[PDB]
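If you read the sequences in order, they're chains A and B. Numbers 5 to 16, 32 to 223, 236 to 709, 713 to 785, taken from UniProt numbering, label the letters of the first sequence in order. Be aware that the second sequence starts at 699, since it is given in UniProt numbering, and climbs by one per residue. Think of the CB as a built atom: it goes at the ideal place given N, C-alpha and C, for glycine as much as any other residue.
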Amino acid sequence: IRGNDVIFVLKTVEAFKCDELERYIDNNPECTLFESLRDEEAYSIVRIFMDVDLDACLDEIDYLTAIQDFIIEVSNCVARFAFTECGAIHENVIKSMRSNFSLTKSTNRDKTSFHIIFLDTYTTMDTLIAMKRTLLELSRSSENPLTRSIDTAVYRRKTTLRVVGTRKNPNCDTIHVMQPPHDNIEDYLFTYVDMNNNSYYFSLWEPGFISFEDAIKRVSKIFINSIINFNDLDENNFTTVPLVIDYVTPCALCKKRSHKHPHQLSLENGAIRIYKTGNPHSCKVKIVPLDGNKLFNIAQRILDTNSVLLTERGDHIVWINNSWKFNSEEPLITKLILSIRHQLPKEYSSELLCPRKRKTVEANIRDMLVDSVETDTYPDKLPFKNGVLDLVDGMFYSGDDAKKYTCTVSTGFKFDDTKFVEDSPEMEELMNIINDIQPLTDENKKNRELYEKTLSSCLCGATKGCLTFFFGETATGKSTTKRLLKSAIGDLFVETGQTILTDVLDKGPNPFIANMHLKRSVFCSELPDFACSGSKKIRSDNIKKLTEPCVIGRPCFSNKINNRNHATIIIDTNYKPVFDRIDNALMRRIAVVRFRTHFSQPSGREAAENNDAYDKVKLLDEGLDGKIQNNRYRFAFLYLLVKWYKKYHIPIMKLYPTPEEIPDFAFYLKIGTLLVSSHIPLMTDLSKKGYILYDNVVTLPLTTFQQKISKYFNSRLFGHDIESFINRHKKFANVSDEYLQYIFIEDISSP
Amino acid sequence: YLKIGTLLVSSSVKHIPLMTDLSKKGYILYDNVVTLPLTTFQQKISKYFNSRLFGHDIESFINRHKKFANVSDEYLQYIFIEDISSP
Ligand SMILES: [Zn+2]
Numbered sequence: 005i006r007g008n009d010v011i012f013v014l015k016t032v033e034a035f036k037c038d039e040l041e042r043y044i045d046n047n048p049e050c051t052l053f054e055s056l057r058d059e060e061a062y063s064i065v066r067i068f069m070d071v072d073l074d075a076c077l078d079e080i081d082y083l084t085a086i087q088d089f090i091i092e093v094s095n096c097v098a099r100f101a102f103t104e105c106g107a108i109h110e111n112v113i114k115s116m117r118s119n120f121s122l123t124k125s126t127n128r129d130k131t132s133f134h135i136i137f138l139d140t141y142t143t144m145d146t147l148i149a150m151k152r153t154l155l156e157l158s159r160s161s162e163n164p165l166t167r168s169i170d171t172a173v174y175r176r177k178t179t180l181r182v183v184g185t186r187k188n189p190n191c192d193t194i195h196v197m198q199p200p201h202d203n204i205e206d207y208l209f210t211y212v213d214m215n216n217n218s219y220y221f222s223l236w237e238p239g240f241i242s243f244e245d246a247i248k249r250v251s252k253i254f255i256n257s258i259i260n261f262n263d264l265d266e267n268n269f270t271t272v273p274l275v276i277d278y279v280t281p282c283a284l285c286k287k288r289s290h291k292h293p294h295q296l297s298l299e300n301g302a303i304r305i306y307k308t309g310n311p312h313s314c315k316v317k318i319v320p321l322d323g324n325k326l327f328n329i330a331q332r333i334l335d336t337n338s339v340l341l342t343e344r345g346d347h348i349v350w351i352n353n354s355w356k357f358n359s360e361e362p363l364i365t366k367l368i369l370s371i372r373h374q375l376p377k378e379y380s381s382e383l384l385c386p387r388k389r390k391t392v393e394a395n396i397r398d399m400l401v402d403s404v405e406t407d408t409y410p411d412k413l414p415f416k417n418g419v420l421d422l423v424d425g426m427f428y429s430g431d432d433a434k435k436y437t438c439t440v441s442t443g444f445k446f447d448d449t450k451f452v453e454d455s456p457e458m459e460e461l462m463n464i465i466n467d468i469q470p471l472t473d474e475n476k477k478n479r480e481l482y483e484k485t486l487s488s489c490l491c492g493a494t495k496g497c498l499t500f501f502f503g504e505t506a507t508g509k510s511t512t513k514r515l516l517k518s519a520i521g522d523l524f525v526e527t528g529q530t531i532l533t534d535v536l537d538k539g540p541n542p543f544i545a546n547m548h549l550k551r552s553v554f555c556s557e558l559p560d561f562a563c564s565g566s567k568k569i570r571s572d573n574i575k576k577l578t579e580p581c582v583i584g585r586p587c588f589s590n591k592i593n594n595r596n597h598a599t600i601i602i603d604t605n606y607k608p609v610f611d612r613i614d615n616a617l618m619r620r621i622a623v624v625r626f627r628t629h630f631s632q633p634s635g636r637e638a639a640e641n642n643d644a645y646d647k648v649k650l651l652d653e654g655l656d657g658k659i660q661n662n663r664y665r666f667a668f669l670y671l672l673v674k675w676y677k678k679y680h681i682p683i684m685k686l687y688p689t690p691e692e693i694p695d696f697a698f699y700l701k702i703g704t705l706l707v708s709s713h714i715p716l717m718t719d720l721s722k723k724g725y726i727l728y729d730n731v732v733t734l735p736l737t738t739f740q741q742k743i744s745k746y747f748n749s750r751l752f753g754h755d756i757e758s759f760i761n762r763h764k765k766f767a768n769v770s771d772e773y774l775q776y777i778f779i780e781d782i783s784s785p
Numbered sequence: 699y700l701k702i703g704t705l706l707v708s709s710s711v712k713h714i715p716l717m718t719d720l721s722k723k724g725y726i727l728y729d730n731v732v733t734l735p736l737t738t739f740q741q742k743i744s745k746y747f748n749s750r751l752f753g754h755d756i757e758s759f760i761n762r763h764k765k766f767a768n769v770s771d772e773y774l775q776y777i778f779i780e781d782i783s784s785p
């Protein structure tokens with residue numbers, strides 16, 4: 005659509036532009052033109068507009084407060100309707116609606132009418148048609164005289180709206196005068212679509240009220256004083272007889288001792304309006320409802336601010352003090368009900384001070400929350416205690432903006448821009464520490480890049496399909512890297528023991544199984560070396576099961592077993608891992624990060640001078656570990672992590688395994704590179723080489739195979755591995771021995 | 699475990715000039731480094747400390763932190779303190 009600059013009008032027809040309409044209006048002040056839609060189907064996208072009419076006069080203060088509350092209520096209700104039905108964003112709609120709006124007026128001083136248009140919000144006419152019932156409920160479920168007077172009509176096909184500055188009728192001289200700051204004729208058109216940057220768009236007496244006597248009693252209680260002309264009002268004289276009151280005490284509505292004329296009660300929109308006659312500003316207007324609870328309307332107003340949603344599992348997440356809290360032990364809805372009373376009208380705030388009413392208006396909220404939402408869906412954002420830091424752009428959001436993202440976890444500490452710097456001595460000290468841990472030589476280049484990549488994945492809410500191994504001799508200070516990462520990433524990071532590396536992953540109630548829920552990094556240290564006999568091999572089942580994007584595990588006294596998996600798993604030790612089970616999936620799901628830095632004191636430095644444990648040796652310092660424990664380089668290291676993530680995270684970043692540094696998998700690699708599955715039309719070459727083919731399957735004797743492979747590989751090194759491989763690929767039968775099928779790649783190449 | 703390193707020394711990688719001299723005392727000097735036989739290393743370990751109270755710990759420590767100049771052979775890369783120190 006890209007907006008429309010043509011305004012179609014009806015004289016009781033034309034298609035004029037902004038300048039054309041302005042010139043025509045200036046030429047003819049008395050012309051009556053109604054702005055409508057030239058074609059309903061073509062340009063159904065229009066602005067959001069409302070028309071309000073209340074036949075009474077109000078002063079400046081009352082009008083100001085009433086219009087403020089009217090904007091608040093209408094914007095919240097429309098944003099809630101957009102969120103539930105049109106799939107929009109609540110915060111965006113609220114911001115667009117409250118940012119800028121055009122408000123007209125009426126030249127008549129005996130009544131208050133206007134047409135209000137929200138400039139930046141645009142939606143299809145079908146959406147405004149569907150909003151009919153919701154807006155009618157809002158109109159009939161409020162106390163504000165402006166909100167109660169909303170005309171739900173004008174939401175029909177091919178509707179028309181009276182243009183500003185033109186008389187509605189030739190006989191009626193009253194016209195609507197524009198108000199600051201718009202002052203332009205294009206700012207009061209409900210079809211003038213002007214989509215731009217700061218904008219948003221979305222799309223898909237009746238007896239039945241109450242007994243008369245109770246209404247009369249309510250009116251009398253409002254008047255406080257007794258009615259002089261009592262026992263005279265009935266069904267017929269409801270809006271005819273004046274209400275004469277004795278001025279025993281000053282009027283509750285006006286606070287004055289007396290007035291020139293009595294009051295009068297009228298019926299409108301299922302409510303009773305009490306107003307004085309003669310001078311209009313002598314007494315205010317009193318509104319009396321005729322249906323609905325008072326505790327249900329409060330629940331609706333608290334609900335349609337989108338602050339008490341429920342999760343996809345069944346937990347009600349509330350928004351208190353700029354953070355999405357939630358607890359399943361002491362539910363927080365009553366805290367929210369108490370703390371939100373300031374954003375509610377005067378009559379709705381005194382109710383939320385009795386604890387027996389903040390349980391009624393809370394049962395209502397729980398009964399109105401049907402269907403769920405999804406939490407922590409955007410993985411490129413880091414939730415801090417006072418907001419959300421964006422990673423792709425680096426901009427920080429605080430306050431209601433962070434509400435847009437259902438961040439159910441947090442790092443635990445606030446975000447400070449002063450410490451968040453680039454050129455600081457702490458940054459240089461951290462860079463020196465990292466260089467000491469990771470020398471930047473060309474030999475280390477690839478390993479250092481893998482280090483930076485696997486260390487920067489901690490700022491990702493997505494799931495990763497690899498498990499990097501920190502392999503390095505002692506005194507390499509991997510604990511320093513662990514401490515720096517913990518200080519940078521807050522309480523999201525978790526350190527776990529080897530309990531998951533040996534036992535069954537799910538099995539029974541495992542605390543680390545549930546703790547992997549939404550934690551962004553899991554670290555294991557000092558692995559139980561399986562080189563010595565007795566220690567269990569690294570459970571291949573657990574490693575395979577930890578890679579999936581889901582976690583299945585239920586702790587003691589619980590039933591939930593589904594957890595979202597975001598943690599990057601890192602294992603650090605000085606011993607090569609040993610896994611009893613081996614398959615191609617394992618060979619494609621293991622990465623190794625090598626450490627070649629020795630941090631040793633001078634006393635043993637000579638002992639480390641010729642040591643083969645590390646490719647370099649340098650003096651250590653006991654005064655650094657405490658510094659890392661004191662969150663010294665926290666924000667500089669966080670900046671480094673952000674830079675690494677930016678330089679590494681392409682539109683799709685993946686953890687690539689490195690199956691070359693693991694000594695155990697080298698045997699399988701050598702076997703595969705020298706022997707694979709056995713090619714029918716190559717019998718002559720096999721016969722020349724000595725091998726024979728029988729029953730369409732080339733075979734050799736088991737003793738012959740052992741003799742052939744004796745020289746190719748060291749039998750004493752991996753005799754158990756060779757026996758296990760033979761058992762796995764065993765075939766048996768045939769001739770007078772077992773059957774072994776393979777191709778000697780080294781012999782296959784040689785003719 | 700604590701006392702094993704007290705009477706043990708790191709591999710003398712940078713002892714190429716002295717590796718040849720140490721080889722004549724019962725080392726193979728393979729891969730430009732002095733390497734003693736696994737049986738010889740076990741005998742030296744049993745001589746260093748009472749073999750009655752020292753059993754599988756020495757073998758486990760050797761398998762953890764020693765090599766036989768190849769993938770696996772009958773040698774040991776564990777450098778004796780009383781031998782590797784002397785050129
Ligand atoms: Zn009054």
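| Query | Result |
| --- | --- |
| Is any non-hydrogen atom of ligand 1 found closer than 7 Å to the C-beta of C285 (chain A), if you look at the structure I gave you? | yes |
| Of all the CB atoms in chain B, is at least one closer than 8 Å to the CB of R620 (chain A)? | no |
| Please compile the residues from chain A whose C-beta is within a distance smaller than 8 Å of the C-beta of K712 (chain B). | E640, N641 |
| Excluding the 5 residues preceding and the 5 following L180 (chain A) in the sequence, name in chain order all residues of the same chain whose CB lies nearer than 6 Å to its CB. | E54, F209 |
| Would you say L686 (chain A) and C491 (chain A) are within 8 Å of each other, going by their C-beta atoms? | no |
| Excluding five sequence neighbours on each side, which residues of the same chain lie with their C-beta closer than 8 Å to the C-beta of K649 (chain A)? | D467, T628, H629, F630, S631 |
| Return the Cβ separation of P540 (chain A) and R585 (chain A) in integer angstroms, given the expectation that the two are a contact with Cβ distance under 8 Å. | 7 Å |
| Listed from N- to C-terminal order along the chain, which residues in the segment 555-570 of chain A have their beta-carbon within a distance smaller than 8 Å of any beta-carbon of chain B? | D560, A562, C563, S564 |
| Given 7 Å as the limit, tell me if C191 (chain A) has its C-beta closer than that to any heavy atom belonging to ligand 1. | no |
| For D572 (chain A) and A506 (chain A), I'd like the C-alpha separation in whole angstroms. | 31 Å |
| Could you tell me which chain A residues have their CB closer than 7 Å to the CB of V769 (chain B), listed as they occur along the chain? | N748, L751 |
| Do you know how far the Cα of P715 (chain A) is from the Cα of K495 (chain A)? | 45 Å |
| Counting C-beta neighbours from all protein chains within 10 Å, is the total for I303 (chain A) 16 or more, i.e. buried, or is it exposed? | buried |
| Report the start-end ranges of each beta strand (DSSP E) in the segment 308-378 of chain A that is 3 residues or longer and not cut off at the edges. | 317-320 |
| Determine the chain A residues that contact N761 (chain B) at a beta-carbon separation under 8 Å, and present them in chain order. | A562, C563 |
| List, in chain order, every chain A residue whose beta-carbon is nearer than 7 Å to that of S708 (chain B). | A638, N642 |
| Shorter than 8 Å from the beta carbon of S758 (chain B) to some beta carbon of chain A? | yes |
| Below 8 Å between beta carbons: does that hold for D335 (chain A) and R99 (chain A)? | yes |
| Can you tell me which of the three DSSP states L165 (chain A) falls into? | helix |
| In three-state DSSP terms, what is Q775 (chain B)? | coil |
| Decide if the segment 62-76 of chain A is in contact with the segment 169-179 of chain A; the criterion is three or more beta carbon pairs, one per stretch, under 8 Å apart. | yes |
| Going by other Cβ atoms of all chains shown within 10 Å of its Cβ, with 16 needed for buried, is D424 (chain A) buried or exposed? | exposed |
| Going along the chain, which residues of its own chain have a beta-carbon closer than 7 Å to the beta-carbon of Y278 (chain A), five neighbours each way excluded? | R288, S289 |
| For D72 (chain A), which residues does DSSP report across the bridge? | A:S132 |
| Use the C-beta contact count for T280 (chain A): other C-beta atoms within 10 angstroms, 16 or more gives buried, fewer gives exposed. | exposed |
| On the CB-based measure, 16 or more other CB atoms within 10 Å of its CB, does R389 (chain A) come out buried or exposed? | buried |
| Looking only at its chain, what residues have a beta carbon closer than 8 Å to the beta carbon of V707 (chain A), apart from the 5 residues adjacent to it on each side? | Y776, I777, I779 |
| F626 (chain A) to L223 (chain A), Cα distance in whole Å? | 57 Å |
| Excluding the 5 residues flanking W355 (chain A) on each side, which residues of the same chain have their C-beta closer than 7 Å to its C-beta? | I348, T437, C438, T439 |
| Sorry if obvious, but does the Cβ on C282 (chain A) come closer than 7 Å to a heavy atom of ligand 1? | yes |
| Could you please give the first and the last residue of the uninterrupted alpha helix (DSSP H) stretch that includes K678 (chain A)? | 665-679 |
| Is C76 (chain A) close to ligand 1? I mean its beta-carbon at under 7 Å from any heavy atom of the ligand. | no |
| So does the segment 606-615 of chain A actually touch the segment 408-427 of chain A, counting three or more Cβ pairs closer than 8 Å? | no |
| For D611 (chain A), which residues in the same chain have their Cβ closer than 7 Å to its Cβ, ignoring the five residues on either side in sequence? | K568, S571 |
| Does at least one heavy atom of ligand 1 sit under 7 Å from the Cβ of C314 (chain A)? | yes |
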